[PDB]
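Okay, structure first, notes after.
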Amino acid sequence: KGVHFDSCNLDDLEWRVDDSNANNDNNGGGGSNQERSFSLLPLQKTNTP
Amino acid sequence: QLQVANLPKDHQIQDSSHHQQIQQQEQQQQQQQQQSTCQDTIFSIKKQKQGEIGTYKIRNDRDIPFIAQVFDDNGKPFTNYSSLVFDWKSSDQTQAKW
């Protein structure tokens, strides 16, 4: 406890925003991107940081 | 968890007529299209969190069996749990009644 790995490259992670009311509806609906407090930003295809 | 009790049908003799698999896939592909929009239905129950009451659309004028499915809290169903006592309730016994 207090030790990590010396390095990590594992950049492709399955990041999401989750919506707090989505309890029932197992349906492929295009939900309106208006009610959220947040949005996940795109990764740029600029030079590797 | 609450679930709808899908009873078995009568065990009619297992004929091996391969054609049945085609009509099963024809129905499964139609059901997969219906699963995009019909998600509000009682046949579309998604596994709830503890206390997470879900609204489901259901048609009136019928009787319907339900099952009380019990799990260990590693998440496994027990292969027998017939030592427990259950308690079946409704908010209104005019609208829906055990």
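Each chain in the structure tokens gets a letter, A, B, ..., in the order shown, and its residues are numbered from 1; ligands are numbered from 1 in order too.
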Problem - All residues 12 Å or closer to residue 41 (chain B), only C-alpha atoms, same chain fewer than 4 positions away omitted, as a list in words - result: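 Neighbouring residues, sequence-local ones excluded: residues 24, 25, 26 and 27 of chain A; 4, 34, 35, 36, 37, 45, 46, 54, 55, 56, 57, 58 and 59 of chain B.
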For those residues, write C-alpha atoms to a file as a compact mmCIF listing (two decimals), in the first residue's frame.
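In the end it all went to result-v6.txt:
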# COMPACT_ATOMS: atom_id res chain seq x y z
CA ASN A 24 -35.73 0.09 -17.02
CA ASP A 25 -35.46 0.84 -20.72
CA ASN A 26 -33.47 -1.88 -22.56
CA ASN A 27 -34.10 0.06 -25.84
CA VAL B 4 -42.59 -12.92 -14.13
CA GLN B 34 -38.96 -5.17 -31.16
CA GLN B 35 -36.34 -5.05 -28.29
CA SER B 36 -35.26 -1.60 -29.64
CA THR B 37 -38.68 0.06 -28.92
CA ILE B 45 -37.57 -6.51 -16.89
CA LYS B 46 -33.95 -5.33 -16.37
CA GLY B 54 -39.04 0.06 -12.07
CA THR B 55 -42.14 1.23 -13.99
CA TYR B 56 -43.32 -1.39 -16.52
CA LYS B 57 -46.22 -1.16 -19.04
CA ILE B 58 -48.70 -4.07 -18.84
CA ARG B 59 -52.16 -4.79 -20.34
Handout entry: Nearby residues (only C-alpha atoms) at most 12 Å from residue 35 (chain A), same-chain spacing under 2 positions excluded, as JSON, numbers by chain
Key = {"A": [18, 19, 20, 21, 31, 32, 33, 37, 38, 39]}
Problem - Point-to-point distance from CA of residue 96 (chain B) to CA of residue 60 (chain B), Å rounded to tenths - result: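 The value is 9.2 Å.
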Practice task
Have a look at CA of residue 17 (chain A) and CA of residue 2 (chain B) and let me know their distance in Å, one decimal.
Solution key: 28.7 Å
